[PDB]
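Undergrad: sequence isn't available, so here's the structure alone:
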Ligand code: HEA
Ligand code: HEA
Ligand code: CUA
Ligand SMILES: [Cu+2]
Ligand SMILES: [Mg+2]
Ligand code: NA
Ligand SMILES: [Zn+2]
């Protein structure tokens, strides 16, 4: 029974719950990895001896948070929990390959942990840039195990993306148009299109250096005509698309929570919503080399790419301005999710403006691979994606379980998260402006100050994680059921009761004839 | 989102026990490890 | 009066305030850690070789 | 007896006057940043480059003899 | 080469770094402009108490909402285009130097005449002579004359690095089989510091860079007297 | 079991008039109140006004807009837990952190400060701009 | 998609079901971005909460 | 009859989990053989994933063409998913093509500045690669004839169309193996040799996948599985085989017509 | 859209003879959906509907939600008193100020 | 239908005994937190 329903799953609700379980697992694995990183960065000198293991733990940090944490919550878990219950679908189109992607992801987790177990270790960062990960500097099974873990994550993500696109363009009742679905539907559609057209690029690159390692070829060895510039192009033509996969369900989640708790019956400018989302989904590919400005590109293509990033800044600015406009003019219930959303608005704004500051080309000549970039992606991930998924979790938890959290505990959690991330990563702004390069274990006297301050903020975030799992236990122990849910007339996921039953949408909905 | 009274209501005691429970339990790993890092360092 | 936030809110305000200022002053000053606060105005450098 | 007060577009007039306030405070803090740091850098570099002599400056850094090229 | 409680950037050594921080100050003016805008509008709409939950009309603001970002993004971008287009003037390369990034250290060669190469390493903390700098001091500094454009040919031999001198204000990726050009100019004699800025192994933190600016006269004095 | 399908009660500024009343079960005195409601209007007094208001609507705007104390409650417990994190810092400095590097004491920072003013590191605004080289003192 | 677009009082929109409860989604404006979701039960004809078109249930057992 | 929607109902299955575990065993065998020269785990990986993919598709054929849950909307979604997989493989191959184009448009300094690098003798594209194009294009036009004979309803002609397209595909595979035995150098020999050997062998992996799909669709058609219009198995076969036709054409024109 | 037939159609909609609790709830919720303080004749038609449909509590709710829609400024309300005073004592309906529902 | 559904019981972990459930969360998330601790101690032994 347990093996047939859970281990042999075929329903999106249970698959999303097990997504949430594995995502919490990988999330605090990453938290502990970041704490080893930051406690090593808390004291001047080397806490962990050699910095090879420091490179291993920053590699594991990047991998398990980017590929193993927020994609499994937002894309997998929240997508599978919401999307059928949001378009009216009973199930999704291809649930067995959905479940196969699910059951293949923890094998990639196991390969990453085994790569950590290997004597050599994955001392390369998020990037697997050759010839650091080549046959001379990383002769071992750790980097190869990371490459196959990326293979498994990529395969699971491609087949999941096929699942999302088929379950959107298929499972909808026929008379509703595409341009009137909820915003999270558009977010999962555009992200999954970006997945489908981006992950083959990563798979090609990692197979490319896989054949460089084990098949004794020379695709990245310039003594035999190789080119590491080719790997950087392939990897980051994956990377910035994968960035926009990594971020757009946050757009969808906060848009839904804002139009829920702000008293609105609709988001402002839903045509503007969908137009901006497909604009960034379309031209998210042709901006791929803004991470690239100091490898030796031509000046003309540098100007082209920085202009393209200024262009992609334009409709995201339209998105944030219209977020302000859709939270305009309504009663604001002071839910904790609104606290998360407002923190997301501020911190996404400042992170995006910092990203533009990076996007200017000569300042990127000076400030490449520096903690200013760290402050970029922590202001837009460590509180952008993190506050987005906290808002999603504390908003849809009665649908996920049947019980509610404690509002005071959740607001205290928001306060702890907020103060920890700001007085962590504003000293990282100062560190990047002062200019120490990344992936360093020890730092001089000028950097010691902000290193200590931001390390203390990292331990504040540890306290935040502990309070989060405490209130999860508190909710599951108090088990307060929900008598009524507001805005169920406009929210489809909330009208099947908390929680929705096993077999939802047996009869498909009666769409208006028009 | 309105909710009915708690099916089971934790007592100051229960809340205390639990909050501390994880706090300590979740951090204890760090405790044993971070505590003897230098020993661990010993190749011995 | 019947809610928890009437008197216990001010109580936890005072208790948390005292607790945080005491612990954070102790951490900032009473350990012996080095903030590496800026040497401008406060140090007297001496000639080296 | 009281005359007719505003019935329509209260939030509307409030929002236009306060978005105008948003522009004026945004330009105000931009001018604050300028008057604080921006032209001090230009004027400091400028006075440094008139009152600067590289030969003399090297001379007092090399009386200390703290150079690999100076002995 | 940084000072404690640093909130801004390094002071310039190069004129390009000078107008680059002028442009950077312009971008900072922009970021607090937008941040104060969004903060005050958020504060306004959290301090309000009026409700308007009707059907909002849409096709009235998108033209301003797309032309104000259009103008602000292009007037940020045209200084960026100008600075990027003047990174690469016709050079007057009075001096040439090649840097060859080795596994866990650097190599510097002057190869215009009387072929000279040397290897630069990390001074250990116990071997640090008193008064010097941890994680920045190098037993063999690299000398360059002031007030001249000198060409920098950067490459690496086994692992990619990044020769980074934020005091001079540049950072060039050292790639195996590929050398890039960086034109260095300085205004002040003296020491200037940098580091690697790519991941390169189990001593990645321990390849720093030191450039001391001397005249051409003391440059040729060192070149003659080192033999 | 079916209240998610049935119309339900709510109290917010967004929804002034709920579709259903707060109290559905109706006692005999409340049927008397309803037939008095269907009776004449001007003969209906203050107290039956207030219980009819309370049995048809749960709470009013005066008891829905009140500025409650959870903001100070949550900020108090939050910065209490920040103090707990400070104690975590106390323990973590006490146990895993060993000695600082010897390039950090007062002696070494004295020599290195003298050296970095000697080489005049970033003397425009960074460090050496706040130093007088004629009087040998801070600005 | 269904037929008989007629949401008057004398005739409502007929909806077939095999159960006692049934969902409807009103696109009650032309080219409307909003969709209005609500449940109905067997009995009196259900109505739309922002436009007022009427929906009725009929059981069909297939 | 409880299911009122015309979509698909799935009885929970172990086979996604076992396929996932078989992929994990496959990659563990790959690292075990690439580092510790052991073949047992790799053979286990091949046996596991091939068997598991066999009964997974055996289950979907059972539940589709005998039970009958494959609604016209369901194969509408199936053709969506097949198109999605096809275009994902387009961009996979196109990443490989653009890697080749980056390698070849700018020849690096160690190659003599000329494409191909000097001292190697790549095979002439004049005769046997034209044979490859001829045999693959003939197979593609034969399977278009097979689709139109599905439309017409002529069973023996469908039989000969399938027999000739499998005969052509297997002839393709065995001959490209023969000039793998008849090529001047190996995949470990240079940037140019490495890229076209990897690309052509990777296309060879896709064409043996396509040929096996043609084998299985033939054995379905012998068992009277496909019908007049619900013939999505052969639609997927036709789309994949036209895909490998056009991908072969692209790598042909690039590798052979470009720099030889 | 304009004011004259706007509040005219509001008055007629609230003063229809086939009035019901459903559409009074509809009209008042869509009224507070707008960024509008409803005018005395709209409130007059609303209390006409509440009079003919017998809901003292709904009338008190209309008064309380215009208490809410008065905004930060408290001169709107008393103006509502001075132009609706004949209707209140005409019907016997009274205000939350007199009946004590302004306090917590 | 044939599978029991409701609040809490649609989770992979049993809910009814909250002390034992707390034990499950402590061991689960504690092992998750202590995993990279076990990696780093494993190379510090191994190096
Ligand atoms: C959520 C993830 C996320 C998001 C959204 C972004 C968004 C952006 N990123 Fe970045 N980025 C990363 C994650 C992300 N990034 C990561 C993880 C790395 C490095 C990885 C590694 O180093 O290994 C990285 C690296 C990175 C670099 C490399 C720097 C270097 O290392 O040398 C650059 C430079 O161009 C860059 C730019 C941008 C830009 C220009 C945007 C924009 O999309 C931001 C747009 C958002 C806005 C909100 C626009 C602001 C507009 C307004 C506020 C409206 C009003 C203002 C005006 C009208 C002016 N990113
Ligand atoms: C998703 C991406 C992500 C996230 C959240 C974080 C979060 C954090 N990061 Fe991370 N970081 C990266 C991605 C991320 N980082 C990348 C890509 C690099 C560069 C690697 C490279 O150089 O190649 C990097 C580098 C990096 C460094 C540089 C190390 C070095 O190069 O020397 C440092 C050090 O301060 C750091 C610190 C932190 C801290 C203190 C947090 C904190 O915010 C941690 C707290 C956040 C959480 C705890 C998440 C919340 C989730 C849960 C609590 C569980 C979820 C469960 C449910 C929702 C049910 N990061
Ligand atoms: Cu060289 Cu890091
Ligand atoms: Cu990017
Ligand atoms: Mg790099
Ligand atoms: Na350190
Ligand atoms: Zn309608």
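TA: It's in. Residues are numbered from 1 along each chain as shown, chains lettered A, B, ... in the order given. Ligands and ions are numbered 1, 2, ... in the order given.
Undergrad: residues touching the spatially closest residue to residue A:435 that is not a sequence neighbour, list them.
TA: Ranked by C-beta to C-beta, 6 or more residues apart in numbering or on different chains and with sequence neighbours excluded, the top spatial neighbour of residue A:435 is residue E:166, at 4.1 Å. C-beta: built from backbone N, CA, C; applies to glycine. Contacts for residue E:166 (C-beta atoms under 8 Å, 6 or more residues apart in numbering or on different chains) come out as A:366, A:435, E:9-10, E:194.
Undergrad: next: residue A:264.
TA: Contacts of residue A:264 by C-beta under 8 Å, 6+ apart are A:258, A:326, A:330, E:53.
Undergrad: among those, which one lies nearest to chain D?
TA: Distance to chain D, by C-beta to the nearest C-beta, is smallest for residue A:330 among these, at 10.5 Å.
Undergrad: residues contacting the closest residue to chain E within chain J?
TA: Residue of chain J nearest chain E, by C-beta to the nearest C-beta: residue J:47 (10.3 Å). Contact partners of residue J:47, counting by C-beta under 8 Å, 6+ apart, are A:49-50, A:53, B:43.
Undergrad: need the three-state assignment for residue 32.
TA: Looking at chain A here, since you left the chain open. helix (DSSP: H, G, I helix; E, B strand; the rest coil).
Undergrad: and the helices in chain D?
TA: D:10-33, D:39-50, D:54-63 (DSSP state H).
Undergrad: closest one to chain H among those?
TA: Across the helices of chain D, closest to chain H is helix D:54-63 (C-beta to the nearest C-beta), at 40.0 Å.
Undergrad: how about the contacts made by the residue in chain D that chain J sits nearest to?
TA: Scanning chain D for the residue nearest chain J gives residue D:68, at 36.2 Å (criterion: C-beta to the nearest C-beta). The contact partners of residue D:68, by C-beta under 8 Å, 6+ apart, come to E:140-141, E:143, E:212, E:222.
Undergrad: at 6 Å what do you get?
TA: By C-beta atoms under 6 Å, 6 or more residues apart in numbering or on different chains, the residues touching residue D:68 are residue E:141.
Undergrad: I'd like to know how far it sits from ligand 2.
TA: 31 Å (C-beta to the nearest ligand atom, to the nearest Å).
Undergrad: and that residue, backbone torsions?
TA: With angles defined as degrees, to the nearest 10, residue D:68 sits at phi -70, psi -20.
Undergrad: ok, it to residue E:181 distance?
TA: 26 Å (C-beta to C-beta, to the nearest Å).
Undergrad: quick one, strands of chain B?
TA: B:2-3 (DSSP state E).
Undergrad: repeat for chain F
TA: F:131-132, F:137-138.
Undergrad: point to the residue nearest the middle of chain J.
TA: For chain J, the residue nearest the mean C-alpha position is residue J:28 (2.1 Å; C-alpha atoms, centre = their mean).
Undergrad: tell me what the helix or strand containing residue A:419 is packed against?
TA: Assessed by DSSP states H and E, residue A:419 sits inside helix A:407-434. If contacts are counted by 3 or more C-beta pairs under 6 Å, 6 or more residues apart in numbering or on different chains; DSSP states H and E, helix A:407-434 sits against helix A:336-359, helix A:371-377, helix A:445-478, helix F:70-95.
Undergrad: which one of those helices lies nearest to chain D?
TA: Chain D lies closest to helix A:336-359 among the helices and strands packed on helix A:407-434, at 13.0 Å (C-beta to the nearest C-beta).
Undergrad: list the contacts of residue H:103.
TA: H:191, H:195.
Undergrad: three-state assignment of it?
TA: helix.
Undergrad: please enumerate the helices of chain E.
TA: E:15-46, E:62-85, E:216-225.
Undergrad: residues of the helix or strand containing the residue nearest to the centre of chain J that come out buried?
TA: Residue J:28 is part of helix J:18-46, with elements assigned from DSSP H and E. Of all the residues in helix J:18-46, those buried under the rule 16 or more other C-beta atoms under 10 Å in any protein chain shown are J:18, J:21-22, J:25-26, J:28-30, J:32-37, J:39-41, J:43-44.
Undergrad: likewise for stretch E:133-151?
TA: Buried, per 16+ other C-beta under 10 Å, within stretch E:133-151: E:133-138, E:141-146, E:148, E:150-151.
Undergrad: spit out the contact partners of residue F:10.
TA: A:486, F:18.
Undergrad: count the residues that sit near the residue nearest to residue E:180 when sequence neighbours are not counted.
TA: In space, and not counting its chain neighbours, residue E:180 is closest to residue A:296: 4.2 Å by C-beta to C-beta, 6+ apart. Around residue A:296 there are 16 other residues, counting by other C-beta atoms under 10 Å in any protein chain shown.
Undergrad: residue J:34 versus residue A:296, what's the distance?
TA: Residue A:296 is 44 Å from residue J:34, by C-beta to C-beta.
Undergrad: and what of residue C:17?
TA: 34 Å.
Undergrad: taking chain C, what residue is nearest to chain G?
TA: residue C:3 (33.5 Å).
Undergrad: again, but for chain D
TA: residue D:11 (21.8 Å).
Undergrad: and the spatially closest residue to that residue that is not a sequence neighbour, backbone torsions?
TA: Leaving aside its chain neighbours, residue D:11 sits nearest to residue E:50 (4.1 Å; criterion: C-beta to C-beta, 6+ apart). Dihedral pair for residue E:50: phi -110, psi 140, per degrees, to the nearest 10.
Undergrad: so what's the residue count around residue E:50?
TA: Residue E:50 has 20 nearby residues by other C-beta under 10 Å.
Undergrad: same check, this time on residue A:332
TA: If you count neighbours by other C-beta under 10 Å, residue A:332 ends up with 18.
Undergrad: the spatially most central residue of chain I: which element?
TA: Geometric centre of chain I, nearest residue: residue I:43, 3.5 Å, by C-alpha atoms, centre = their mean. Here residue I:43, judged by DSSP H and E, is contained in helix I:40-53.
Undergrad: of the contacts of residue A:264 - the most surrounded one?
TA: residue A:258 (26 neighbours).
Undergrad: for the helix or strand in which it is found, packing partners?
TA: Element membership for residue A:258 (DSSP H and E) is helix A:228-261. With contacts taken as 3+ C-beta pairs under 6 Å, 6+ apart, helix A:228-261 sits against helix A:183-213, helix A:336-359, helix A:386-400.
Undergrad: count the residues that sit near the residue in chain C positioned nearest to chain I.
TA: Proximity of chain C to chain I (C-beta to the nearest C-beta) peaks at residue C:1, 10.8 Å away. Neighbour count for residue C:1, taken as other C-beta under 10 Å: 4.
Undergrad: in a helix, it, correct?
TA: No: counting by three-state DSSP, residue C:1 falls outside a helix, being coil.
Undergrad: any idea how far residue A:50 is from it?
TA: Residue C:1 is 62 Å from residue A:50, by C-beta to C-beta.
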